Structures are given as C-alpha cells and as structure tokens.
Amino acid sequence: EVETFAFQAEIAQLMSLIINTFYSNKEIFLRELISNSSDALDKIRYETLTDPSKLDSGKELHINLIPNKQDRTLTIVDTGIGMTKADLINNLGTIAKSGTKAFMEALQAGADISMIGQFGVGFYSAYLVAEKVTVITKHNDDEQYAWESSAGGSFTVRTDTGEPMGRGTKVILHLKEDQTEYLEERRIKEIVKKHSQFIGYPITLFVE
Ligand SMILES: Oc1cc(O)c(-c2[nH]ncc2N2CCNCC2)cc1Cl
C-alpha cells in the first residue's frame, strides 16, 4: 500500500533551510514549478520527434494552474514526460545531493533562495508556501504514483488509482494558512506574467 522513505540528509537540510530561513520573496516557488513542468514537456516533445507513439497518452503539451480556495490548494498540472517510481524516490529526478551542496556554497558566496533553480532543486521551493506537497505522476513506462511529504525528514510513495491522468505530473500544494494569496486569480496572473512570461507551452489559469 504506502511505503515510507527517509530523505537523504542533504535534502532534509535543504527543506529545513527553506522552511526556517526568513525570506519574503516566496512567490518564486511558482516559477520553479512551471519551469520543472516546462523541462518535462521539452522531454516528451523531444522523444516524440523520433517515436510519435510516445504521444498516444496525450498529444497536447500544456500546463494548468488550478486554485481551489475550499481545499486551500494550488495545483500545477503538466502533460510532460512524467516520472517513474524510481525517479520519484530519487528526489523527483533531481541531482539533489550535489545540487544542494552547490546551492549551499552559493548561499555563502552571496546568493539568495531565488537562485535555487540554478542548482537543479527548485522543486523544494514548494515548501516556501506549502505545509504539504503531493506529486501525482504518470510516465509512459510505469503506473501512476503519488509522492507525498509534509517535510519532517520523510516522504511516502503509493500507487494512485485516483483518477488516471494519461501522462504527466500534478503537483498539489496544500498551502500554509498565511499563504492563501497564491489562490487569488489576480495574484497568480501577476506572478506568471512577472516570472514565467516566455514559457513555450500554454499555461491555463483555471477559474473558481
Ligand atoms: O514540478 C514538477 C513537474 C514535472 O513535470 C516534473 C517531471 N516530470 N518528468 C520529469 C520531471 N522533471 C522535471 C524537473 N527535473 C526533474 C524531472 C517534476 C516536477 Cl518536481
């Protein structure tokens, strides 16, 4: 049913840093997530140039932003390449260990948390605004899985028989009580325009 894993130490330390460091410019989490979706979309596109059957699981390549004020969630959905169970456990397809080391050295040398995505671990910026993060993913080579973590040094993985998605990745941000501004249409639009203005795939902001 539900397997429980420990974060590697360097990632545990990364997440604590994200959670505990005073840092006002939290909005960058959205750019880091959209940028991950854009990379996964690039990968499926590239693979389909030589094998168009990789798109049998869906031809449209796009990103949906879905705010839900009742559940207090902001969900980012892409139809990118998705992740296998293995990628998920291996820090969501990141080089999180070396990238964390590089990020923490930069933070010495003068960097601030906004540059996180330069070290390949921009996912973890979700913890600027979310108390809990659920990642649902479907890669053509595997079943649908849900990854989940409220930080605290551990994460879980289970098969998801919730609502099949076809192919891609869904990041559900259960927002901290004081970060509900990221559910406001005006606010999301501003941020996307500010930081995600040239992404090569349509980004659709859902209405409530
Ligand atoms: O927010 C995401 C969105 C995604 O589409 C993915 C994903 N799906 N397939 C590969 C990936 N990535 C993109 C970022 N780099 C690791 C692997 C991962 C994450 Cl964490």
# chains A, B, ... in the order shown; residues from 1 in each chain; ligands from 1
$ residues_around --residues "residue 38 in chain A" --least-positions-apart "5" --cutoff "9 Å" --atoms "only C-alpha atoms" --output "ChimeraX atom specification"
/A:33,43,62-63,78,80,199-201
$ residues_near_ligand --ligand "ligand 1" --cutoff "6 Å" --atoms "only C-alpha atoms and all ligand atoms" --output "VMD selection string"
chain A and resid 33 36 to 37 39 to 40 78 80 to 83 92 to 94 123 169 171
$ write_last_selection --atoms "N, CA and C atoms" --output "short mmCIF file (atom, residue, chain, number, x, y, z; two decimals), in the first residue's frame"
data_model
loop_
_atom_site.label_atom_id
_atom_site.label_comp_id
_atom_site.auth_asym_id
_atom_site.auth_seq_id
_atom_site.Cartn_x
_atom_site.Cartn_y
_atom_site.Cartn_z
N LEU A 33 8.25 25.72 -10.17
CA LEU A 33 7.37 24.61 -10.62
C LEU A 33 6.96 24.58 -12.09
N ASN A 36 9.95 23.40 -13.97
CA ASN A 36 10.11 21.95 -13.97
C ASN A 36 9.13 21.34 -15.02
N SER A 37 7.91 21.86 -15.06
CA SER A 37 6.89 21.31 -15.97
C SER A 37 7.39 21.56 -17.40
N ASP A 39 10.54 21.83 -18.47
CA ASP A 39 11.58 20.84 -18.78
C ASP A 39 10.99 19.44 -19.15
N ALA A 40 10.00 18.97 -18.38
CA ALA A 40 9.35 17.65 -18.61
C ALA A 40 8.61 17.66 -19.94
N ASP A 78 0.97 19.33 -15.57
CA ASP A 78 1.58 19.36 -16.92
C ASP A 78 1.30 18.01 -17.60
N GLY A 80 3.83 16.67 -19.42
CA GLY A 80 5.20 16.40 -19.71
C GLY A 80 5.46 14.86 -19.65
N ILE A 81 6.72 14.52 -19.59
CA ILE A 81 7.16 13.13 -19.64
C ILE A 81 6.76 12.28 -18.44
N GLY A 82 6.54 12.92 -17.30
CA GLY A 82 6.18 12.17 -16.11
C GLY A 82 7.43 11.56 -15.49
N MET A 83 7.22 10.91 -14.37
CA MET A 83 8.29 10.29 -13.65
C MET A 83 7.94 8.83 -13.32
N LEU A 92 12.73 13.04 -7.04
CA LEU A 92 11.97 13.58 -8.15
C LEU A 92 12.82 13.91 -9.41
N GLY A 93 13.72 13.01 -9.78
CA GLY A 93 14.53 13.16 -10.98
C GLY A 93 15.60 14.26 -10.90
N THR A 94 15.91 14.74 -9.69
CA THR A 94 16.95 15.77 -9.47
C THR A 94 18.25 15.21 -8.99
N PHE A 123 12.30 22.35 -7.17
CA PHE A 123 11.08 21.69 -6.57
C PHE A 123 10.87 22.04 -5.10
N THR A 169 2.51 15.12 -14.82
CA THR A 169 2.79 15.36 -13.41
C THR A 169 1.85 16.44 -12.89
N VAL A 171 1.33 18.59 -9.33
CA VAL A 171 1.87 19.00 -8.05
C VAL A 171 0.75 19.70 -7.24
#
$ residues_around --residues "range 126-138 of chain A" --least-positions-apart "2" --cutoff "9 Å" --atoms "only C-alpha atoms" --output "number ranges by chain"
A: 15, 18-19, 23, 26-30, 32-33, 73, 81-85, 88, 122-124, 140-151, 160, 164-180, 182
$ write_last_selection --atoms "N, CA and C atoms" --output "short mmCIF file (atom, residue, chain, number, x, y, z; two decimals), in the first residue's frame"
data_model
loop_
_atom_site.label_atom_id
_atom_site.label_comp_id
_atom_site.auth_asym_id
_atom_site.auth_seq_id
_atom_site.Cartn_x
_atom_site.Cartn_y
_atom_site.Cartn_z
N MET A 15 15.39 21.30 2.94
CA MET A 15 14.00 21.54 3.21
C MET A 15 13.88 22.36 4.53
N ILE A 18 14.75 25.91 3.69
CA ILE A 18 13.62 26.53 3.01
C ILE A 18 12.58 26.90 3.97
N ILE A 19 12.32 26.04 4.94
CA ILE A 19 11.16 26.24 5.81
C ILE A 19 11.47 27.33 6.87
N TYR A 23 12.57 34.88 4.55
CA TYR A 23 12.80 35.13 3.13
C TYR A 23 11.43 35.50 2.54
N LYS A 26 8.69 34.77 -1.45
CA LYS A 26 8.19 33.40 -1.58
C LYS A 26 7.62 33.07 -2.95
N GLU A 27 7.20 34.08 -3.72
CA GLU A 27 6.42 33.85 -4.97
C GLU A 27 7.18 33.06 -6.04
N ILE A 28 8.50 33.04 -5.93
CA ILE A 28 9.33 32.35 -6.86
C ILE A 28 9.06 30.82 -6.95
N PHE A 29 8.33 30.25 -5.98
CA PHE A 29 8.04 28.82 -6.00
C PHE A 29 7.29 28.50 -7.28
N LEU A 30 6.46 29.47 -7.73
CA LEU A 30 5.60 29.18 -8.85
C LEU A 30 6.44 29.09 -10.14
N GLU A 32 9.55 28.21 -10.23
CA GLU A 32 10.36 26.94 -10.19
C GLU A 32 9.52 25.75 -10.61
N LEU A 33 8.25 25.72 -10.17
CA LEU A 33 7.37 24.61 -10.62
C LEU A 33 6.96 24.58 -12.09
N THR A 73 -5.78 24.64 -1.85
CA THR A 73 -4.72 24.05 -2.67
C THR A 73 -4.48 24.83 -3.91
N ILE A 81 6.72 14.52 -19.59
CA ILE A 81 7.16 13.13 -19.64
C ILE A 81 6.76 12.28 -18.44
N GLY A 82 6.54 12.92 -17.30
CA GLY A 82 6.18 12.17 -16.11
C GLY A 82 7.43 11.56 -15.49
N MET A 83 7.22 10.91 -14.37
CA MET A 83 8.29 10.29 -13.65
C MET A 83 7.94 8.83 -13.32
N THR A 84 8.96 7.99 -13.37
CA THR A 84 8.79 6.61 -12.90
C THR A 84 8.89 6.58 -11.35
N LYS A 85 8.43 5.46 -10.78
CA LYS A 85 8.54 5.28 -9.36
C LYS A 85 9.95 5.53 -8.92
N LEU A 88 10.88 9.22 -8.84
CA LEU A 88 10.19 9.86 -7.73
C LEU A 88 10.99 9.72 -6.44
N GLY A 122 14.90 23.14 -7.62
CA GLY A 122 13.92 24.19 -7.44
C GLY A 122 12.59 23.63 -6.92
N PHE A 123 12.30 22.35 -7.17
CA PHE A 123 11.08 21.69 -6.57
C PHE A 123 10.87 22.04 -5.10
N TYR A 124 11.96 21.95 -4.33
CA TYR A 124 11.86 22.06 -2.86
C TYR A 124 11.41 23.46 -2.41
N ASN A 140 5.08 7.18 -19.38
CA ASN A 140 4.63 6.09 -20.31
C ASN A 140 5.15 4.72 -19.85
N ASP A 141 6.34 4.64 -19.25
CA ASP A 141 6.95 3.35 -18.85
C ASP A 141 6.55 2.75 -17.45
N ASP A 142 5.42 3.19 -16.84
CA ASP A 142 5.18 2.85 -15.45
C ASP A 142 3.73 3.13 -15.08
N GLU A 143 3.33 2.76 -13.87
CA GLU A 143 2.00 3.04 -13.38
C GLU A 143 1.92 4.45 -12.80
N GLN A 144 0.72 4.91 -12.44
CA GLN A 144 0.57 6.21 -11.77
C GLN A 144 0.91 6.07 -10.27
N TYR A 145 1.76 6.96 -9.77
CA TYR A 145 2.20 7.02 -8.38
C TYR A 145 1.88 8.38 -7.75
N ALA A 146 1.64 8.39 -6.41
CA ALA A 146 1.57 9.62 -5.66
C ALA A 146 2.74 9.60 -4.65
N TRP A 147 3.49 10.69 -4.68
CA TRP A 147 4.55 11.02 -3.72
C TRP A 147 3.96 12.05 -2.81
N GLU A 148 4.29 11.97 -1.51
CA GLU A 148 3.80 12.95 -0.60
C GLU A 148 4.79 13.29 0.51
N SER A 149 4.86 14.57 0.89
CA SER A 149 5.66 14.92 2.08
C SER A 149 5.20 16.21 2.73
N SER A 150 5.10 16.15 4.06
CA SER A 150 4.99 17.33 4.94
C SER A 150 6.32 17.69 5.56
N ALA A 151 7.41 17.31 4.91
CA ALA A 151 8.73 17.56 5.42
C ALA A 151 8.95 16.72 6.69
N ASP A 160 -1.40 5.27 -7.27
CA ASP A 160 -2.52 6.13 -7.26
C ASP A 160 -3.51 5.49 -8.20
N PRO A 164 -7.00 8.52 -13.31
CA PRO A 164 -5.81 8.38 -14.15
C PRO A 164 -5.64 9.63 -14.96
N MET A 165 -4.38 10.00 -15.18
CA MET A 165 -4.12 11.20 -15.91
C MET A 165 -3.61 11.01 -17.33
N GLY A 166 -3.18 9.83 -17.71
CA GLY A 166 -2.77 9.79 -19.12
C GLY A 166 -1.26 9.88 -19.23
N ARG A 167 -0.69 11.03 -18.86
CA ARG A 167 0.77 11.15 -18.81
C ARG A 167 1.11 12.51 -18.26
N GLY A 168 2.02 12.56 -17.32
CA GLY A 168 2.39 13.87 -16.83
C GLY A 168 2.59 13.91 -15.36
N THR A 169 2.51 15.12 -14.82
CA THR A 169 2.79 15.36 -13.41
C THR A 169 1.85 16.44 -12.89
N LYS A 170 1.34 16.18 -11.68
CA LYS A 170 0.42 17.05 -10.96
C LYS A 170 1.05 17.33 -9.59
N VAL A 171 1.33 18.59 -9.33
CA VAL A 171 1.87 19.00 -8.05
C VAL A 171 0.75 19.70 -7.24
N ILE A 172 0.32 19.08 -6.15
CA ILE A 172 -0.74 19.69 -5.31
C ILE A 172 -0.12 20.38 -4.06
N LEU A 173 -0.24 21.70 -3.94
CA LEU A 173 0.37 22.43 -2.84
C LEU A 173 -0.76 22.68 -1.86
N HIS A 174 -0.69 22.04 -0.69
CA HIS A 174 -1.60 22.33 0.39
C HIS A 174 -0.99 23.56 1.10
N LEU A 175 -1.56 24.74 0.90
CA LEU A 175 -0.91 25.97 1.32
C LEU A 175 -0.92 26.20 2.82
N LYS A 176 0.16 26.77 3.35
CA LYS A 176 0.13 27.34 4.72
C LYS A 176 -0.97 28.38 4.85
N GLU A 177 -1.51 28.46 6.06
CA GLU A 177 -2.66 29.31 6.35
C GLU A 177 -2.43 30.72 5.98
N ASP A 178 -1.21 31.20 6.14
CA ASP A 178 -0.91 32.59 5.81
C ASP A 178 -0.47 32.83 4.39
N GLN A 179 -0.63 31.84 3.50
CA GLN A 179 -0.19 31.98 2.10
C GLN A 179 -1.27 31.77 1.08
N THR A 180 -2.51 32.01 1.46
CA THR A 180 -3.66 31.91 0.57
C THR A 180 -3.74 32.96 -0.55
N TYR A 182 -1.85 33.03 -2.84
CA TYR A 182 -1.47 32.27 -4.04
C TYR A 182 -2.65 31.47 -4.66
#
$ residues_around --residues "residue 102 in chain A" --least-positions-apart "2" --cutoff "12 Å" --atoms "only C-alpha atoms" --output "list in words"
residues 10, 14, 95, 96, 97, 98, 99, 100, 104, 105, 106, 107, 108, 109, 111, 115, 116, 117, 118, 119, 120 and 121 of chain A
$ write_last_selection --atoms "N, CA and C atoms" --output "mmCIF file, in the first residue's frame"
data_model
loop_
_atom_site.group_PDB
_atom_site.id
_atom_site.type_symbol
_atom_site.label_atom_id
_atom_site.label_comp_id
_atom_site.auth_asym_id
_atom_site.auth_seq_id
_atom_site.Cartn_x
_atom_site.Cartn_y
_atom_site.Cartn_z
ATOM 1 N N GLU A 10 21.144 15.615 3.069
ATOM 2 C CA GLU A 10 21.368 16.930 2.421
ATOM 3 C C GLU A 10 20.022 17.575 2.004
ATOM 4 N N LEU A 14 18.269 20.889 3.219
ATOM 5 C CA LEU A 14 17.680 21.825 2.245
ATOM 6 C C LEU A 14 16.257 22.268 2.598
ATOM 7 N N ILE A 95 19.318 15.970 -9.213
ATOM 8 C CA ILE A 95 20.614 15.703 -8.631
ATOM 9 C C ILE A 95 20.689 16.446 -7.294
ATOM 10 N N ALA A 96 19.758 16.091 -6.408
ATOM 11 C CA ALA A 96 19.518 16.846 -5.186
ATOM 12 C C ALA A 96 20.702 16.885 -4.250
ATOM 13 N N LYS A 97 21.464 15.806 -4.174
ATOM 14 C CA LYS A 97 22.665 15.852 -3.314
ATOM 15 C C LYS A 97 23.793 16.832 -3.718
ATOM 16 N N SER A 98 24.301 16.730 -4.946
ATOM 17 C CA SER A 98 25.294 17.699 -5.435
ATOM 18 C C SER A 98 24.690 19.073 -5.610
ATOM 19 N N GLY A 99 23.442 19.139 -6.068
ATOM 20 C CA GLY A 99 22.788 20.429 -6.246
ATOM 21 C C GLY A 99 22.587 21.168 -4.951
ATOM 22 N N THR A 100 22.122 20.468 -3.920
ATOM 23 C CA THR A 100 22.144 21.015 -2.552
ATOM 24 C C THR A 100 23.511 21.520 -2.088
ATOM 25 N N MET A 104 24.277 25.391 -1.329
ATOM 26 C CA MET A 104 24.626 25.929 -0.007
ATOM 27 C C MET A 104 25.947 26.706 -0.007
ATOM 28 N N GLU A 105 26.885 26.275 -0.819
ATOM 29 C CA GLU A 105 28.059 27.077 -1.127
ATOM 30 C C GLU A 105 27.685 28.461 -1.728
ATOM 31 N N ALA A 106 26.830 28.508 -2.751
ATOM 32 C CA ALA A 106 26.390 29.802 -3.273
ATOM 33 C C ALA A 106 25.796 30.677 -2.164
ATOM 34 N N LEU A 107 24.885 30.120 -1.363
ATOM 35 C CA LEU A 107 24.261 30.891 -0.301
ATOM 36 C C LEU A 107 25.307 31.531 0.639
ATOM 37 N N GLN A 108 26.499 30.940 0.680
ATOM 38 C CA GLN A 108 27.631 31.509 1.410
ATOM 39 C C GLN A 108 28.124 32.676 0.581
ATOM 40 N N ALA A 109 28.652 32.351 -0.599
ATOM 41 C CA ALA A 109 29.154 33.291 -1.581
ATOM 42 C C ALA A 109 28.197 34.446 -2.034
ATOM 43 N N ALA A 111 24.551 34.399 -2.680
ATOM 44 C CA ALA A 111 23.262 34.042 -3.281
ATOM 45 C C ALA A 111 22.094 34.212 -2.330
ATOM 46 N N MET A 115 17.691 31.848 -6.398
ATOM 47 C CA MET A 115 18.575 31.161 -7.331
ATOM 48 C C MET A 115 18.573 29.656 -7.206
ATOM 49 N N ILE A 116 17.721 29.164 -6.322
ATOM 50 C CA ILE A 116 17.634 27.728 -6.045
ATOM 51 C C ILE A 116 17.572 26.869 -7.334
ATOM 52 N N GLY A 117 16.840 27.364 -8.324
ATOM 53 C CA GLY A 117 16.567 26.608 -9.538
ATOM 54 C C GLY A 117 17.806 26.449 -10.365
ATOM 55 N N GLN A 118 18.789 27.314 -10.159
ATOM 56 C CA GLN A 118 20.124 27.215 -10.813
ATOM 57 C C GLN A 118 20.899 25.965 -10.378
ATOM 58 N N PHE A 119 20.475 25.359 -9.244
ATOM 59 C CA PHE A 119 21.183 24.180 -8.721
ATOM 60 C C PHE A 119 20.363 22.918 -8.824
ATOM 61 N N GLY A 120 19.281 22.998 -9.609
ATOM 62 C CA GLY A 120 18.563 21.808 -10.011
ATOM 63 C C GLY A 120 17.632 21.228 -8.934
ATOM 64 N N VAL A 121 17.291 22.006 -7.932
ATOM 65 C CA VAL A 121 16.470 21.558 -6.800
ATOM 66 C C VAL A 121 15.325 22.509 -6.541
#
$ closest_residue --among "A:139, A:188, A:204, A:91" --to "residue 6 in chain A" --atoms "only C-alpha atoms"
A:91
$ select_by_dssp --residues "chain A" --states "helix (DSSP H, G or I)" --output "ChimeraX atom specification"
/A:9-20,28-50,52-55,85-89,91-93,96-108,113-119,122-128,177-183,185-195
$ closest_residue --among "A:113, A:61, A:183, A:191" --to "residue 75 in chain A" --atoms "only C-alpha atoms"
A:183
$ decode --residues "range 185-206 of chain A" --atoms "N, CA, C and O atoms" --output "mmCIF file, in the first residue's frame"
data_model
loop_
_atom_site.group_PDB
_atom_site.id
_atom_site.type_symbol
_atom_site.label_atom_id
_atom_site.label_comp_id
_atom_site.auth_asym_id
_atom_site.auth_seq_id
_atom_site.Cartn_x
_atom_site.Cartn_y
_atom_site.Cartn_z
ATOM 1 N N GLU A 185 -6.826 34.779 -8.202
ATOM 2 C CA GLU A 185 -6.584 34.935 -9.635
ATOM 3 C C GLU A 185 -5.635 36.067 -9.995
ATOM 4 O O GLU A 185 -4.732 35.857 -10.790
ATOM 5 N N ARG A 186 -5.856 37.274 -9.426
ATOM 6 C CA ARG A 186 -5.006 38.454 -9.686
ATOM 7 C C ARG A 186 -3.554 38.173 -9.402
ATOM 8 O O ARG A 186 -2.659 38.554 -10.158
ATOM 9 N N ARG A 187 -3.334 37.581 -8.229
ATOM 10 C CA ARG A 187 -2.027 37.249 -7.768
ATOM 11 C C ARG A 187 -1.296 36.217 -8.621
ATOM 12 O O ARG A 187 -0.124 36.384 -8.923
ATOM 13 N N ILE A 188 -1.975 35.136 -8.989
ATOM 14 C CA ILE A 188 -1.360 34.166 -9.863
ATOM 15 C C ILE A 188 -1.014 34.795 -11.167
ATOM 16 O O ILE A 188 0.122 34.635 -11.671
ATOM 17 N N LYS A 189 -1.971 35.525 -11.750
ATOM 18 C CA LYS A 189 -1.668 36.153 -13.052
ATOM 19 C C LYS A 189 -0.431 37.045 -12.992
ATOM 20 O O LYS A 189 0.381 37.052 -13.889
ATOM 21 N N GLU A 190 -0.340 37.867 -11.964
ATOM 22 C CA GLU A 190 0.812 38.776 -11.817
ATOM 23 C C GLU A 190 2.131 38.010 -11.805
ATOM 24 O O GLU A 190 3.093 38.338 -12.500
ATOM 25 N N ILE A 191 2.187 36.982 -10.991
ATOM 26 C CA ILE A 191 3.371 36.161 -10.846
ATOM 27 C C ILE A 191 3.783 35.468 -12.126
ATOM 28 O O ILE A 191 4.975 35.377 -12.445
ATOM 29 N N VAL A 192 2.814 34.944 -12.856
ATOM 30 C CA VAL A 192 3.108 34.246 -14.128
ATOM 31 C C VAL A 192 3.632 35.249 -15.104
ATOM 32 O O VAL A 192 4.587 35.012 -15.801
ATOM 33 N N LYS A 193 2.977 36.399 -15.175
ATOM 34 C CA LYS A 193 3.459 37.452 -16.062
ATOM 35 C C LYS A 193 4.864 37.914 -15.672
ATOM 36 O O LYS A 193 5.711 38.111 -16.547
ATOM 37 N N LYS A 194 5.130 38.036 -14.363
ATOM 38 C CA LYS A 194 6.451 38.514 -13.859
ATOM 39 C C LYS A 194 7.623 37.586 -14.122
ATOM 40 O O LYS A 194 8.707 38.029 -14.445
ATOM 41 N N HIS A 195 7.393 36.285 -13.941
ATOM 42 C CA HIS A 195 8.484 35.304 -13.831
ATOM 43 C C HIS A 195 8.392 34.179 -14.850
ATOM 44 O O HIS A 195 9.369 33.507 -15.072
ATOM 45 N N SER A 196 7.242 33.985 -15.492
ATOM 46 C CA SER A 196 7.063 32.855 -16.409
ATOM 47 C C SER A 196 6.558 33.330 -17.767
ATOM 48 O O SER A 196 5.829 32.655 -18.485
ATOM 49 N N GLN A 197 7.004 34.499 -18.155
ATOM 50 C CA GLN A 197 6.379 35.146 -19.302
ATOM 51 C C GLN A 197 6.696 34.504 -20.667
ATOM 52 O O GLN A 197 5.892 34.612 -21.579
ATOM 53 N N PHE A 198 7.845 33.854 -20.818
ATOM 54 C CA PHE A 198 8.207 33.240 -22.094
ATOM 55 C C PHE A 198 8.197 31.682 -22.165
ATOM 56 O O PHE A 198 8.741 31.065 -23.110
ATOM 57 N N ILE A 199 7.545 31.036 -21.210
ATOM 58 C CA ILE A 199 7.452 29.599 -21.244
ATOM 59 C C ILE A 199 6.824 29.164 -22.590
ATOM 60 O O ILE A 199 5.827 29.723 -22.984
ATOM 61 N N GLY A 200 7.391 28.171 -23.249
ATOM 62 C CA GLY A 200 6.970 27.684 -24.549
ATOM 63 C C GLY A 200 5.731 26.798 -24.658
ATOM 64 O O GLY A 200 5.545 26.104 -25.674
ATOM 65 N N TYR A 201 4.835 26.856 -23.662
ATOM 66 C CA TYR A 201 3.698 25.955 -23.670
ATOM 67 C C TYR A 201 2.621 26.795 -23.084
ATOM 68 O O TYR A 201 2.915 27.607 -22.210
ATOM 69 N N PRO A 202 1.381 26.553 -23.478
ATOM 70 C CA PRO A 202 0.275 27.290 -22.878
ATOM 71 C C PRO A 202 0.100 26.947 -21.382
ATOM 72 O O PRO A 202 0.334 25.823 -20.920
ATOM 73 N N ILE A 203 -0.093 28.016 -20.630
ATOM 74 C CA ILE A 203 -0.365 27.983 -19.238
ATOM 75 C C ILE A 203 -1.775 28.482 -19.041
ATOM 76 O O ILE A 203 -2.104 29.688 -19.315
ATOM 77 N N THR A 204 -2.643 27.587 -18.564
ATOM 78 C CA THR A 204 -4.019 27.977 -18.423
ATOM 79 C C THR A 204 -4.319 28.137 -16.965
ATOM 80 O O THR A 204 -4.178 27.173 -16.204
ATOM 81 N N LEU A 205 -4.805 29.336 -16.590
ATOM 82 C CA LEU A 205 -5.268 29.593 -15.232
ATOM 83 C C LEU A 205 -6.764 29.301 -15.109
ATOM 84 O O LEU A 205 -7.595 30.018 -15.649
ATOM 85 N N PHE A 206 -7.077 28.240 -14.351
ATOM 86 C CA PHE A 206 -8.438 27.845 -14.067
ATOM 87 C C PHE A 206 -9.122 28.847 -13.111
ATOM 88 O O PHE A 206 -8.479 29.459 -12.253
#
